[PDB]
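Undergrad: Attaching a single structure in C-alpha cells format; questions to follow.
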Amino acid sequence: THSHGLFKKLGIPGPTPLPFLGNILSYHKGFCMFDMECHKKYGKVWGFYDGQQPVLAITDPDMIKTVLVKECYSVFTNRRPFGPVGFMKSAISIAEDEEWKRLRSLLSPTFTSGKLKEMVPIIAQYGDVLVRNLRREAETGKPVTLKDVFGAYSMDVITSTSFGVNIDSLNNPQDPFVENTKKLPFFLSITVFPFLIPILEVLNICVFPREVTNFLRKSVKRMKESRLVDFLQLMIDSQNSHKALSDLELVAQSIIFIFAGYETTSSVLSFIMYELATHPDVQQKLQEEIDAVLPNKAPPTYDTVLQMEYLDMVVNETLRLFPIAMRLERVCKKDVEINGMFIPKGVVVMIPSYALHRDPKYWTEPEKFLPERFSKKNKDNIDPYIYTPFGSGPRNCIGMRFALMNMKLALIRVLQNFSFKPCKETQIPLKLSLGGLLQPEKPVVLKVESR
Ligand code: HEM
Ligand SMILES: CC(C)(C)OC(=O)N[C@@H](CS[C@@H](Cc1ccccc1)C(=O)NCCc1cccnc1)Cc1ccccc1
C-alpha cells in the first residue's frame with residue numbers, strides 16, 4: 001500500500017480509488033452493471049482496485065486469447081485466491097500451478113464424450129421423477145417455483161452421477177443425503193481485509209460449514225470401502241506419471257462437482273424456462289423439433305440430443321444473456337508484455353463475460369432473446385473470445401459437455417409433456433440479483449399446463 005498509483009503510472013484509465021476500499025463502493029449495483037459502465041466509460045482496457053488489489057480488465061479478442069490460452073501454463077495459471085478454505089485447497093477449481101496441472105490430468109478422462117455417453121441412462125431415469133413431481137403441480141392449477149423443482153432434479157442427477165445415490169429429494173424424504181447437501185456479507189469483508197485470510201486459515205473456519213465436509217469425508221470412505229459407472233467410481237478407478245489421487249483429495253473434488261452441477265444446472269434451466277415462457281413461439285418451435293426427432297415422446301438418447309440444433313441455439317443464446325460466472329479471472333504471475341501492453345506482476349487480469357455477452361458493438365439488440373444468433377448460418381460469425389460461457393484454454397469448464405448434456409436432457413423430456421405460461425406473479429422483465437451471484441432478484445414462477 002498504497003498500490004493505488006499503479007494504473008495511473010502505467011497510463012491505464014480507471015475510476016479513482018478511495019483509500020482502503022479502492023472502487024468496491026462501486027459494487028452496489030452488482031458486478032455486472034459496474035463492468036458495462038467501465039466498458040462504455042473507458043474502452044478496451046481499464047483498471048481498478050478491489051481494496052488494495054489492482055485489477056486490469058481486458059476486452060481485445062487477441063489479448064484474451066493471449067491470456068486464457070497462449071500464455072496460460074506460463075503466466076496466467078491460477079485464479080484469484082479466496083479463503084479460508086482449509087482442506088479444499090486441493091480441489092481443482094482452487095488448486096494452483098502444478099498441483100492444479102496434476103489434478104486436471106487425473107480428472108480429464110472422466111469428462112470424455114465416451115464416459116458421458118454411459119452416463120446417459122442414469123441421467124434419463126430422474127427426468128421421469130421430474131415430470132411426475134411436475135404433473136402433481138400441473139393438475140393442481142397452482143403456479144410453480146422453478147428453482148425448487150429444477151433443483152430437486154439437478155440434485156437428483158448429481159447424487160446419482162457422482163455417488164450412485166438414488167433419491168427423489170423433492171418429496172422422498174429426509175433421506176440421509178438430501179440434507180448435508182442442503183448447506184449446499186462474509187465474502188465482501190474478505191476484499192477490504194484479505195490480510196485476514198491466513199488468520200482464518202490457522203483458525204480452521206471453513207467457508208464450507210466445517211460439518212458438511214466431515215459428513216462427506218466420512219460418507220466417501222463408507223462408499224469407498226463398500227464397493228472395495230459414476231464420478232466417484234471414475235475417480236477411485238483413477239487412483240488404482242502423477243502421484244495417485246488421495247482419499248481427501250477425492251472427497252474435495254466430489255464437493256467441487258456438487259457445487260458445479262447444482263446451483264448452476266438448476267439456475268440455467270430456470271433462466272431457460274423464463275425465456276421460453278416470455279417467448280411462446282420459440283417454445284413451440286422447439287417442441288416441434290423435439291417431436292419430429294422423438295415422435296410419440298420417444299425417450300432421448302445421447303445421439304438424438306446432439307441432433308437438436310434449435311435446442312442448442314436456445315441453450316447458447318440463454319447462456320449469452322446469463323453467463324453464470326459473469327467474469328473470468330487469472331492471476332498474472334510474472335512481469336509480462338502481451339499484444340503490446342505491459343502488465344506487472346501480481347495484477348489480477350479480469351475478463352468481463354457479462355458485459356461482452358451484452359455488448360452492442362458485437363451484438364445487435366443485445367438485450368433481446370434471439371436464438372437465431374446461433375443458427376448454423378450465423379454461428380460462424382461469433383468471435384469465440386467474446387462468447388465464453390465455459391471459459392477458454394486449458395482451464396475452462398471441465399464439466400462443459402456434461403452440463404450441456406445434463407440440461408438438454410431435462411428440457412427435452414419436459415417440453416415433450418408441458419407448455420409454460422406466464423402467471424400474473426411472474427416478474428417481467430426479470431431483474432438480476434443486485435448481489436454477487438447470477439440469479440434472478442425474485443424467484444421465477446410460472447403456469448404449467450399438460451399437453
Ligand atoms: C451450465 C453450467 C456451467 C457453466 C456455464 C460453467 C462455466 C464455467 C466457467 C466459466 C468456469 C471457469 C472457466 C474459466 O475460468 O476459463 C468453469 C470452471 C469449472 N467448471 Fe464449470 N460451468 C458449468 C457447470 C459445471 C459442471 C456441471 C461441472 C461438473 C462437475 C463443472 C466443473 C467445473 C470445474 C472443475 C471448473 C474449474 C476448472 C479448473 O480450474 O480446472 N462446471 N465453469
Ligand atoms: C478463488 C480461487 C481462484 C482459489 O478459486 C475459484 O475462484 N474458484 C471458484 C470460487 S467459487 C466455488 C463455489 C464453491 C463453494 C464452496 C466451496 C468451493 C467452491 C467453485 O469452485 N465452483 C466450481 C464449480 C463450478 C461452478 C460454476 C461453474 N463451473 C464450476 C469460482 C469459480 C468456479 C468455477 C467457475 C467460475 C468461478
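By order of appearance in the C-alpha cells: chains A, B, ..., then residues from 1 within every chain, and ligands from 1 in the order shown.
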Write as JSON, numbers by chain the residues around ligand 2, taking 6 Å as the cut-off and counting only C-alpha atoms and all ligand atoms.

TA: {"A": [79, 80, 81, 82, 93, 94, 208, 256, 257, 259, 260, 325, 397]}

Undergrad: Write the selection just made, keeping C-alpha atoms, as a PDB file, in the first residue's frame?

TA:
ATOM      1  CA  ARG A  79      -7.362 -17.735 -10.340  1.00  0.00           C
ATOM      2  CA  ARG A  80      -7.584 -15.102  -7.621  1.00  0.00           C
ATOM      3  CA  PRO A  81      -7.207 -16.681  -4.148  1.00  0.00           C
ATOM      4  CA  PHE A  82     -10.197 -16.571  -1.841  1.00  0.00           C
ATOM      5  CA  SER A  93     -11.110 -25.130  -9.328  1.00  0.00           C
ATOM      6  CA  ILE A  94      -8.981 -23.844  -6.420  1.00  0.00           C
ATOM      7  CA  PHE A 208     -17.619 -24.711   3.980  1.00  0.00           C
ATOM      8  CA  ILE A 256     -16.473 -29.264  -6.266  1.00  0.00           C
ATOM      9  CA  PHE A 257     -18.680 -31.240  -8.679  1.00  0.00           C
ATOM     10  CA  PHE A 259     -21.409 -27.082  -6.245  1.00  0.00           C
ATOM     11  CA  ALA A 260     -20.794 -27.185 -10.005  1.00  0.00           C
ATOM     12  CA  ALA A 325     -19.819 -16.834 -13.976  1.00  0.00           C
ATOM     13  CA  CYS A 397     -15.088 -25.592 -17.537  1.00  0.00           C
TER      14      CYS A 397
END

Undergrad: Write out as a ChimeraX atom specification which residues come within 10 Å of region 178-187 of chain A when counting only C-alpha atoms, dropping same-chain ones fewer than 6 positions away.

TA: /A:82-83,152,155-156,159,165,167-170,172,194,207-209,211-216,255,258-259,262-263,435-436

Undergrad: Using only C-alpha atoms and all ligand atoms, find the one residue out of A:418, A:369, A:387, A:20 that sits nearest to ligand 1.

TA: A:387

Undergrad: Would you please extract all helix (DSSP H, G or I) residues from region 148-323 of chain A, as assigned by DSSP on the backbone, and give them as a count of residues only?

TA: 124

Undergrad: Would you mind listing what lies within 10 Å of residue 382 (chain A) as a count of residues only, with only C-alpha atoms counted and same-chain residues fewer than 5 positions away left out?

TA: 5

Undergrad: Taking only C-alpha atoms and all ligand atoms and a cut-off of 6 Å, can you tell me which residues surround ligand 1, written as a PDB file with N, CA, C and O atoms, in the first residue's frame?

TA:
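Saved to result-v9.pdb:
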ATOM      1  N   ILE A  92      -9.858 -28.775  -7.602  1.00  0.00           N
ATOM      2  CA  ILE A  92      -9.203 -28.425  -8.858  1.00  0.00           C
ATOM      3  C   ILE A  92      -9.482 -26.982  -9.236  1.00  0.00           C
ATOM      4  O   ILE A  92      -8.595 -26.273  -9.731  1.00  0.00           O
ATOM      5  N   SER A  93     -10.833 -26.524  -8.996  1.00  0.00           N
ATOM      6  CA  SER A  93     -11.110 -25.130  -9.328  1.00  0.00           C
ATOM      7  C   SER A  93     -10.266 -24.198  -8.487  1.00  0.00           C
ATOM      8  O   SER A  93     -10.038 -23.061  -8.895  1.00  0.00           O
ATOM      9  N   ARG A 104      -5.933 -31.570 -12.967  1.00  0.00           N
ATOM     10  CA  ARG A 104      -6.597 -31.529 -14.269  1.00  0.00           C
ATOM     11  C   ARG A 104      -6.434 -32.860 -15.004  1.00  0.00           C
ATOM     12  O   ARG A 104      -7.419 -33.443 -15.472  1.00  0.00           O
ATOM     13  N   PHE A 257     -17.727 -30.859  -7.640  1.00  0.00           N
ATOM     14  CA  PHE A 257     -18.680 -31.240  -8.679  1.00  0.00           C
ATOM     15  C   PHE A 257     -20.114 -31.061  -8.221  1.00  0.00           C
ATOM     16  O   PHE A 257     -21.025 -30.940  -9.044  1.00  0.00           O
ATOM     17  N   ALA A 260     -20.736 -27.335  -8.558  1.00  0.00           N
ATOM     18  CA  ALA A 260     -20.794 -27.185 -10.005  1.00  0.00           C
ATOM     19  C   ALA A 260     -22.184 -27.522 -10.520  1.00  0.00           C
ATOM     20  O   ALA A 260     -22.930 -26.628 -10.912  1.00  0.00           O
ATOM     21  N   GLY A 261     -22.562 -28.795 -10.494  1.00  0.00           N
ATOM     22  CA  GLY A 261     -23.768 -29.183 -11.202  1.00  0.00           C
ATOM     23  C   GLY A 261     -25.096 -28.837 -10.554  1.00  0.00           C
ATOM     24  O   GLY A 261     -26.134 -29.217 -11.103  1.00  0.00           O
ATOM     25  N   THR A 264     -25.801 -24.329 -10.608  1.00  0.00           N
ATOM     26  CA  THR A 264     -25.615 -23.928 -12.000  1.00  0.00           C
ATOM     27  C   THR A 264     -26.692 -24.538 -12.895  1.00  0.00           C
ATOM     28  O   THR A 264     -27.506 -23.810 -13.470  1.00  0.00           O
ATOM     29  N   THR A 265     -26.708 -25.913 -12.919  1.00  0.00           N
ATOM     30  CA  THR A 265     -27.684 -26.563 -13.799  1.00  0.00           C
ATOM     31  C   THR A 265     -29.113 -26.186 -13.405  1.00  0.00           C
ATOM     32  O   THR A 265     -29.965 -25.954 -14.271  1.00  0.00           O
ATOM     33  N   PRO A 323     -24.501 -15.555 -18.227  1.00  0.00           N
ATOM     34  CA  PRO A 323     -23.291 -16.377 -18.079  1.00  0.00           C
ATOM     35  C   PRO A 323     -22.846 -16.523 -16.631  1.00  0.00           C
ATOM     36  O   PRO A 323     -21.943 -15.821 -16.159  1.00  0.00           O
ATOM     37  N   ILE A 324     -23.421 -17.523 -15.958  1.00  0.00           N
ATOM     38  CA  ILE A 324     -23.498 -17.620 -14.502  1.00  0.00           C
ATOM     39  C   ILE A 324     -22.236 -17.044 -13.886  1.00  0.00           C
ATOM     40  O   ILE A 324     -22.282 -16.459 -12.797  1.00  0.00           O
ATOM     41  N   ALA A 325     -21.098 -17.258 -14.531  1.00  0.00           N
ATOM     42  CA  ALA A 325     -19.819 -16.834 -13.976  1.00  0.00           C
ATOM     43  C   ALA A 325     -19.553 -15.333 -14.050  1.00  0.00           C
ATOM     44  O   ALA A 325     -18.765 -14.833 -13.244  1.00  0.00           O
ATOM     45  N   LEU A 328     -14.415 -13.834 -15.959  1.00  0.00           N
ATOM     46  CA  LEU A 328     -13.325 -14.778 -15.795  1.00  0.00           C
ATOM     47  C   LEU A 328     -12.098 -14.004 -15.333  1.00  0.00           C
ATOM     48  O   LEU A 328     -11.940 -12.806 -15.627  1.00  0.00           O
ATOM     49  N   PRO A 389     -19.145 -18.723 -22.255  1.00  0.00           N
ATOM     50  CA  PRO A 389     -19.853 -19.144 -21.032  1.00  0.00           C
ATOM     51  C   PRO A 389     -19.161 -20.251 -20.238  1.00  0.00           C
ATOM     52  O   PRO A 389     -19.509 -20.447 -19.050  1.00  0.00           O
ATOM     53  N   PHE A 390     -18.190 -20.952 -20.842  1.00  0.00           N
ATOM     54  CA  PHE A 390     -17.464 -22.016 -20.158  1.00  0.00           C
ATOM     55  C   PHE A 390     -15.974 -21.741 -20.094  1.00  0.00           C
ATOM     56  O   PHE A 390     -15.192 -22.652 -19.786  1.00  0.00           O
ATOM     57  N   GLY A 391     -15.563 -20.533 -20.374  1.00  0.00           N
ATOM     58  CA  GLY A 391     -14.164 -20.218 -20.256  1.00  0.00           C
ATOM     59  C   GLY A 391     -13.494 -20.448 -21.577  1.00  0.00           C
ATOM     60  O   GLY A 391     -14.147 -20.616 -22.617  1.00  0.00           O
ATOM     61  N   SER A 392     -12.165 -20.422 -21.545  1.00  0.00           N
ATOM     62  CA  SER A 392     -11.420 -20.952 -22.678  1.00  0.00           C
ATOM     63  C   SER A 392     -10.004 -21.242 -22.242  1.00  0.00           C
ATOM     64  O   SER A 392      -9.545 -20.762 -21.200  1.00  0.00           O
ATOM     65  N   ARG A 395      -7.869 -24.061 -18.831  1.00  0.00           N
ATOM     66  CA  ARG A 395      -8.502 -24.016 -17.522  1.00  0.00           C
ATOM     67  C   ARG A 395      -9.980 -23.687 -17.621  1.00  0.00           C
ATOM     68  O   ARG A 395     -10.561 -23.098 -16.703  1.00  0.00           O
ATOM     69  N   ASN A 396     -10.611 -24.105 -18.709  1.00  0.00           N
ATOM     70  CA  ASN A 396     -12.021 -23.798 -18.922  1.00  0.00           C
ATOM     71  C   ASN A 396     -12.885 -24.812 -18.168  1.00  0.00           C
ATOM     72  O   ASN A 396     -12.365 -25.675 -17.460  1.00  0.00           O
ATOM     73  N   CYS A 397     -14.206 -24.796 -18.385  1.00  0.00           N
ATOM     74  CA  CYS A 397     -15.088 -25.592 -17.537  1.00  0.00           C
ATOM     75  C   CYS A 397     -14.956 -27.059 -17.897  1.00  0.00           C
ATOM     76  O   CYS A 397     -15.484 -27.511 -18.912  1.00  0.00           O
ATOM     77  N   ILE A 398     -14.291 -27.803 -17.029  1.00  0.00           N
ATOM     78  CA  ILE A 398     -14.032 -29.217 -17.235  1.00  0.00           C
ATOM     79  C   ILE A 398     -15.346 -29.971 -17.401  1.00  0.00           C
ATOM     80  O   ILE A 398     -15.383 -31.041 -18.017  1.00  0.00           O
ATOM     81  N   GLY A 399     -16.435 -29.444 -16.852  1.00  0.00           N
ATOM     82  CA  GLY A 399     -17.707 -30.127 -16.935  1.00  0.00           C
ATOM     83  C   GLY A 399     -18.614 -29.524 -17.998  1.00  0.00           C
ATOM     84  O   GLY A 399     -19.846 -29.587 -17.888  1.00  0.00           O
ATOM     85  N   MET A 400     -18.021 -28.936 -19.044  1.00  0.00           N
ATOM     86  CA  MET A 400     -18.828 -28.305 -20.093  1.00  0.00           C
ATOM     87  C   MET A 400     -19.789 -29.313 -20.729  1.00  0.00           C
ATOM     88  O   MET A 400     -21.015 -29.207 -20.585  1.00  0.00           O
ATOM     89  N   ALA A 403     -22.651 -30.762 -18.366  1.00  0.00           N
ATOM     90  CA  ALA A 403     -23.696 -29.785 -18.070  1.00  0.00           C
ATOM     91  C   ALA A 403     -24.619 -29.572 -19.259  1.00  0.00           C
ATOM     92  O   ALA A 403     -25.842 -29.639 -19.116  1.00  0.00           O
TER      93      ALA A 403
END

Undergrad: Which residues are near residue 308 (chain A)? Cut-off 7 Å, only C-alpha atoms, ignore same chain within fewer than 4 positions. Put them as a count of residues only.

TA: 3

Undergrad: From a DSSP pass on the backbone, collect the residues of region 203-446 of chain A flagged as strand (DSSP E or B) and hand them back as a PyMOL selection string.

TA: chain A and resi 327-331+336-337+342-343+348-352+418-422+432+440+445-446
